[PDB]
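Enquirer: Take this structure, written in structure tokens, and hold onto it; I'll ask about it next.
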Amino acid sequence: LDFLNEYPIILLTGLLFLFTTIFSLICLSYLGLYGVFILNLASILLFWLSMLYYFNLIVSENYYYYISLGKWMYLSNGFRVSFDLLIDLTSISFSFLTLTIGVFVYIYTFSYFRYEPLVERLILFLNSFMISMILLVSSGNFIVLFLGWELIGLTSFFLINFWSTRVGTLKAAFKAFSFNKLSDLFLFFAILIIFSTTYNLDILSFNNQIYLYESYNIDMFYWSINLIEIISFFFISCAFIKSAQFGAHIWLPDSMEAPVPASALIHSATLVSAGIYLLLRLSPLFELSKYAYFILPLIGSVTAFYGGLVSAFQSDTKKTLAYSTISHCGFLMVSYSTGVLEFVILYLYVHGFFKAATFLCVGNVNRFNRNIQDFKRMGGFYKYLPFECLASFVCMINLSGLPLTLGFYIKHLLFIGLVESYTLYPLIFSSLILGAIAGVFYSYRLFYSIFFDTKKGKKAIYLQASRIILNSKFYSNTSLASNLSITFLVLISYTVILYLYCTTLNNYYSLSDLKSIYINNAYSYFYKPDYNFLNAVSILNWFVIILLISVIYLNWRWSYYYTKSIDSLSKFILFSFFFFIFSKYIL
Amino acid sequence: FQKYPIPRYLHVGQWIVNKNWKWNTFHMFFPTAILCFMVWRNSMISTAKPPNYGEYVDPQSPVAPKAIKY
Amino acid sequence: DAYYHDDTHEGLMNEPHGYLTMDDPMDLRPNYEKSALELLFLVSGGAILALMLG
Amino acid sequence: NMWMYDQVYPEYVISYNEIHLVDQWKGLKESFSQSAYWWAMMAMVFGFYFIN
Amino acid sequence: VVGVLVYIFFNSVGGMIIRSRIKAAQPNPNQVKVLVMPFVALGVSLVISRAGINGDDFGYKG
Amino acid sequence: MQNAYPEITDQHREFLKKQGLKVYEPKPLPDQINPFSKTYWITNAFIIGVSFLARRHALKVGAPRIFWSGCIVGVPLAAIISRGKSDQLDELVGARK
Amino acid sequence: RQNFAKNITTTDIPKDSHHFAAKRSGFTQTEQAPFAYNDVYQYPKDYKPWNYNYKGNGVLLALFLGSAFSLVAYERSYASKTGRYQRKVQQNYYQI
Amino acid sequence: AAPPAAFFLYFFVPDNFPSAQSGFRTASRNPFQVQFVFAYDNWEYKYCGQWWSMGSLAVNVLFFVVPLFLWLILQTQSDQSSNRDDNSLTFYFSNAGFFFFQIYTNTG
Amino acid sequence: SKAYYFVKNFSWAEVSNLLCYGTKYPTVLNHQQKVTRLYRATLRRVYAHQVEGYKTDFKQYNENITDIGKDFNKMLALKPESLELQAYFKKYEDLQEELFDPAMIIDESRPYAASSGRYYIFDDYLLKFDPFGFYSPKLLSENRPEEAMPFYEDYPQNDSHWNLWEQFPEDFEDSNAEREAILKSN
Amino acid sequence: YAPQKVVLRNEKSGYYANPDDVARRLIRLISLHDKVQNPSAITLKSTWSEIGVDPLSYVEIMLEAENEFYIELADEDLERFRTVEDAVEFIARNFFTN
Ligand SMILES: COC1=C(OC)C(=O)C(C/C=C(\C)CC/C=C(/C)CC/C=C(\C)CC/C=C(/C)CC/C=C(\C)CC/C=C(\C)CC/C=C(\C)CC/C=C(\C)CC/C=C(/C)CCC=C(C)C)=C(C)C1=O
Ligand SMILES: CCCCCCCCCCCCCCCCCC(=O)OC[C@H](COP(=O)([O-])OCC[N+](C)(C)C)OC(=O)CCCCCCCCCCCCCCCCC
């Protein structure tokens, strides 16, 4: 209907979600467990349906909305700011991912914390965090952006430190609190500089008149610093702290004692993506900045390598996922440094969806293992959590970027557009290559050690989960709702990623305008690649193949199948050679 | 965790189930929807939108962007 | 799960309980602090509504 | 305020899991000594890609 | 002053249950008065102030 | 104020409309969103009536009723804002005074 | 210390006497004398300690009347500001 | 360590009216906790010049010379403002003593 | 056993002592106590690395535990002042250090575990507390006066003191009926 | 549902696990050891030296005991065990015993 296209209902449904969350928080005695669950489920489902309707219009067609709620605050003599929301491609790209992951995490969170005394508090905290993140990405001016920035930091401080009776979790939450205070300082100083320069806080206007101030300088006490350089420096600093780049990443692994739905939301999109959003929100500023040009690829590649290698050595499942998230944040920073804004969105969506699904599977495994998150005390879990095993296999083969999967394409697109003109290019490229191959190691380690190793766990788990009296059609080591949530999340992820791939990677370009005038020749090597580039990518392909052979055929222990393992490796090599000969030359 | 007793005098929220939660859910949901509808109806007055497909902005029209006469 | 117990059978499942405020429901004192603070709120809201909005 | 005070399980404000390294200087020494391996592997990868 | 005195002296008779019992024992006109007339006094004060700040006697209308 | 954009000719816009293009024009508010229309106040009266009845039912059944009360004050409290900001002469992207 | 009287005159305190019965007979040579009053408080059985037990309409009516007065006063002020006896309603309204 | 035997406690003025909120139930205090509560207030230096080297001499000196550093930085940025014709660090006098929103009326 | 290895500002020597022996001060233990504690710590570490490990080999684990058992049986029969016993102590403390993991798995039953103290348990003092009488009956007398004590009202939970004078119903008849009756009588 | 009245904590028998089950499992585990001669002489009142359990085999058995009972025992607690009864009571009174 044309009325829906002219007047969005996203605002109405989001307000319904927010007000239901707040009133459930205040009137929690009237609503029991079931009442809170049902009310917030209805609100979140309506919000998701409305945003799903508008997703196609905003992404494919050139639809966007500027909504003003009213004049809000006086910030200068004779100056007032209003509460503005900008529902455009950049905002909807983050908001739809956050809302979908949040809907499925919400349904999963009731099965998780099944008999805990404070399920309602966790549900409402997750709702508050999602609302804050959605408000952050839908900002219309800088004041609303700062409000969302401070809200995501505050609500994540409560999802962390959920076990408020322990000071040990209080320390972990306070670490992130301090890092968020530093982020807020940097962002607010950058906003102050912007307002002192242009005397406006509207983002859109800022994106269209900042090029007029490229040749300007500011006078620090003994320095004359370019305006774009200092503004970009502060924005990049706060983005680095939120996105947990190297050095400022130490708060993120210590954030893992939060409940696993909170980890699924925080580490997949939302918080870790917030910094990336900033880079996408203010693209011209960083296009005109020398500091960004030098610092994004170097720090991104170092972070990618560091996170990828540290992840492959972890034994805690949540720590492995957290370090994988750090590596992927570095990869996203490099992808933004590429200069192609579509590749960033594709990487964001793929990583967020599959990382959230992997967190859900890991959370079910951890609940089965009775709060022991180290897979040194696991093994042979396939017969007790079969759905977890199979769904986890799918999610890890997609997340690790294995060949012939959806996650392969984002890595390939990243390596297509990499700029070779950097002074520190050798280090950047080596770090990127070493971080790209690390996914197979931690994916294989996690899957094999949790599900298909020897029994390393305690006898109580296995023996109590296998008594004869428990044989029934109702037998299960998880909940049906968890299985349905994971299944539907995977299906929706596949559908959305395929739709985005069609929109961006087809011969007919269909994506809406990204409001950026910096265009490079990166798509050429995607559209008309040449021979040396194909050979160069084949090199990394064969490196990954060698690593897969290593993780499959290496015997680190004595076994009755050692000799037969060597024989099978020899048979596979000979068969591959003969198969290649037959497929290439004769018939 | 195994359930443990909670003192009656404390207004805390451990293991609470309200038997009348359906009516309370109804009476918290529908007025919330009405309030949000009123807020959205007020906010649509101040909502902007780019021109639709097949439409162009006449630069000399009053709706077109303007400069300032000094 | 295997041995789940419903809310009626569960003797440690709570219903809404607890005193909202430290104030005694059957206090026999002519206390007026609450009335004074409600006067503050209501008169401030009325002054906003009848003097300042439009 | 160097301790998180608690009537049950009071803690130090900072945890040190890698206490086998006694101080930060030996930690830095160990970190560089072990990161030389990663430096060598990165050098080999870049040499391969620069040749080919 | 009349409104605030009547509000305080009508709502400061005891705890919630005691106040409920007293109001229930009150006859209908008494309950109507103790509800309405403080609101009447305060609202009339606010209305007088609003009439004070608005100039609606100006004769250049039309 | 000025035009701020380069000039265009009448022949060119005649050619444009011959080609099938249409000149962008702000649209009037629909009846539901118009705070001065009759359907707006019919909806407001319906809201007030249903809110009063549902408040009575909630009091009878024991559900919270403060939210039904916020709908009753919300109607006249939002009529001021909707009509108040339409009177102001400030210009957003919507239309030119 | 508190010095107010507890035997109020406005109403009778809700109480019951079946609880805590006195002995009054069959005493031994070593036990203490029984207590005298033994009455205990009785709650209205519809009281919820966890929420306001408010069933009135005065607050809602007062707030609604204040908001309606605000609306009509704004209408009068706007009519006076434009130099008119009443608001002149345009035939079409547009987005701000 | 043995619990302290002599330490500074809480004290109240003569004829003080006690606080009797929530039933007026007061517990016995912990000697170590009370000792910590009153230790800092009664702590004092032992000899002249002990402060300078107490902790870190360089850090203490830097803390001592902070106001001079702030004054010098302000002077440098005032130099920067002077040549750019920026707002100087002066008591501006442009309203001729007329206050911000002040009623200026006459009688008679 | 309290697992506060890293949440207290310990040095490595204290942590090593706590890992090898159940105390920070192993000098106050007997010879047999020290030998048994070191044997238990060594077996625990070997189990944590060779049974609950990464690529666990049961045959190698059995060989190593057999050798360790032989060595500790030799250790037990030695004398405390012998240098060979000191060498054995040094060797197995070095073994404990060499297998040290900053990511030790801590059993959930230990006092300072990851999931310890997640819930506040209310004792009988809080369960039986009811100042106002909604859940437990409350006397209008507010207490039972014990002998050898005067009868005094309990201290209220809220000592506001923002009270008026005593309130009376309107047109309250409060004449001196007794005095009037007696004066009429005479 | 909670009765909406003051209910105190219930201590019941003070055992979080079945004492007979704990004792039988522990005695079977003890009999699994090589240096234990006969399982038929083991009793709750039996001392570790009577059944032939020297301190090294004692720590060996008590490690597998804590593995089997899903708990972990401190050095002092194990040092205070004189007979099978002491260990059985300590394990059965543990809140974490499975
Ligand atoms: C493996 O990481 C590391 C981490 O994890 C990221 C760590 O946490 C830590 C621990 C750190 C701390 C505790 C705090 C310290 C703080 C830091 C910021 C330290 C961080 C250290 C790093 C990120 C490691 C980077 C350092 C090195 C030495 C990497 C070594 C890389 C190579 C050897 C690549 C090989 C490059 C070659 C061979 C260049 C030769 C040139 C040609 C063949 C010509 C072609 C090239 C050009 C035409 C252009 C290039 C020319 C130049 C001059 C640029 C070359 C400069 C380079 C640096 C390559 C350490 C020590 C670390 O170590
Ligand atoms: C010019 C080329 C230079 C190449 C330099 C060397 C590169 C080596 C591969 C990348 C670094 C991998 C570091 C280890 C990551 C995993 C760590 C881990 O947890 O391991 C346990 C995993 C899983 O085992 P597990 O965890 O079950 O337990 C095994 C037992 N422990 C714990 C003791 C290891 O095992 C492995 O990773 C097996 C060893 C992998 C060895 C790979 C050898 C590669 C040889 C070079 C191939 C070159 C091909 C051509 C390339 C051309 C382009 C450059």
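In the structure tokens, the first chain shown is A, the next is B, and so on; residue numbers restart at 1 for each chain, and ligands run from 1 in the order shown.
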Check every residue of chain I for an atom within 10 Å of chain B, counting only C-alpha atoms, and provide those that qualify as a list in words.
Expert: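 Every residue of chain I that passes the 10 Å test is in residues 118, 119, 120, 121, 122, 123, 124, 125, 126, 127, 128, 129, 130, 131, 132, 133, 134, 135 and 136 of chain I.
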Enquirer: Residues of chain J were defined as contacting chain C if any atom lay at most 8 Å from it, counting only C-alpha atoms; please report them as a PDB file with N, CA and C atoms, in the first residue's frame.
Expert:
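Contents of part18.pdb, freshly written:
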```
ATOM      1  N   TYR J   1       3.090 -23.868  44.635  1.00  0.00           N
ATOM      2  CA  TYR J   1       3.219 -22.465  45.004  1.00  0.00           C
ATOM      3  C   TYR J   1       3.584 -22.315  46.475  1.00  0.00           C
ATOM      4  N   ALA J   2       4.294 -21.240  46.799  1.00  0.00           N
ATOM      5  CA  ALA J   2       4.601 -20.951  48.190  1.00  0.00           C
ATOM      6  C   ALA J   2       3.317 -20.614  48.947  1.00  0.00           C
ATOM      7  N   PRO J   3       3.181 -21.065  50.197  1.00  0.00           N
ATOM      8  CA  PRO J   3       1.902 -20.920  50.908  1.00  0.00           C
ATOM      9  C   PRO J   3       1.550 -19.496  51.309  1.00  0.00           C
ATOM     10  N   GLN J   4       2.345 -18.495  50.926  1.00  0.00           N
ATOM     11  CA  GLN J   4       2.119 -17.102  51.321  1.00  0.00           C
ATOM     12  C   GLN J   4       2.118 -16.939  52.839  1.00  0.00           C
TER      13      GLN J   4
END
```
Enquirer: For CA of residue 103 in chain A and CA of residue 30 in chain A, determine how far apart the two atoms are, in Å to one decimal place.
Expert: 23.7 Å
Enquirer: Name each residue within 7 Å of ligand 1, counting only C-alpha atoms and all ligand atoms, as a list in words.
Expert: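 For ligand 1, the residues inside 7 Å are residues 302, 303, 305, 306, 423, 424, 425, 426, 427 and 430 of chain A; 28, 31, 32, 35, 36, 38, 39, 40, 42, 43, 46, 47 and 50 of chain D.
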Enquirer: Any idea which chain G residues end up within 10 Å of chain B if we count only C-alpha atoms, as a PyMOL selection string please?
Expert: chain G and resi 49-51+93-96
Enquirer: Select all residues from chain F having any atom no more than 7 Å from an atom of chain B (counting only C-alpha atoms, ignoring ligands), output as a list in words.
Expert: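 Matching residues, ligands excluded from the count: residues 1, 2, 3, 4, 5, 21, 22, 23, 24, 33, 58, 63, 64, 67, 68, 71, 82, 93, 94, 95 and 96 of chain F.
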Enquirer: May I have the residues of chain H within 12 Å of chain D, counting only C-alpha atoms, written as a list in words?
Expert: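 Close to chain D, chain H has residues 30, 33 and 36 of chain H.
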Enquirer: Using only C-alpha atoms and a cut-off of 8 Å, which residues of chain J sit close to chain B? Please list them as a list in words.
Expert: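 Within 8 Å of chain B on chain J, we get residues 4, 5, 6, 7, 8 and 9 of chain J.
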Enquirer: Please produce a file of the residues just selected, as a PDB file, in the first residue's frame, where the atoms kept are N, CA and C atoms.
Expert:
```pdb
ATOM      1  N   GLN J   4       2.345 -18.495  50.926  1.00  0.00           N
ATOM      2  CA  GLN J   4       2.119 -17.102  51.321  1.00  0.00           C
ATOM      3  C   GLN J   4       2.118 -16.939  52.839  1.00  0.00           C
ATOM      4  N   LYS J   5       2.860 -17.802  53.529  1.00  0.00           N
ATOM      5  CA  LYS J   5       3.052 -17.712  54.967  1.00  0.00           C
ATOM      6  C   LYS J   5       4.527 -17.935  55.258  1.00  0.00           C
ATOM      7  N   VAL J   6       4.939 -17.583  56.473  1.00  0.00           N
ATOM      8  CA  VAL J   6       6.346 -17.685  56.842  1.00  0.00           C
ATOM      9  C   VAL J   6       6.731 -19.155  56.949  1.00  0.00           C
ATOM     10  N   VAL J   7       7.650 -19.589  56.090  1.00  0.00           N
ATOM     11  CA  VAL J   7       8.159 -20.955  56.086  1.00  0.00           C
ATOM     12  C   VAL J   7       9.669 -20.901  56.256  1.00  0.00           C
ATOM     13  N   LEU J   8      10.175 -21.610  57.260  1.00  0.00           N
ATOM     14  CA  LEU J   8      11.602 -21.663  57.527  1.00  0.00           C
ATOM     15  C   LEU J   8      12.270 -22.738  56.673  1.00  0.00           C
ATOM     16  N   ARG J   9      13.600 -22.738  56.689  1.00  0.00           N
ATOM     17  CA  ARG J   9      14.354 -23.744  55.959  1.00  0.00           C
ATOM     18  C   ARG J   9      14.174 -25.116  56.598  1.00  0.00           C
TER      19      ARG J   9
END
```
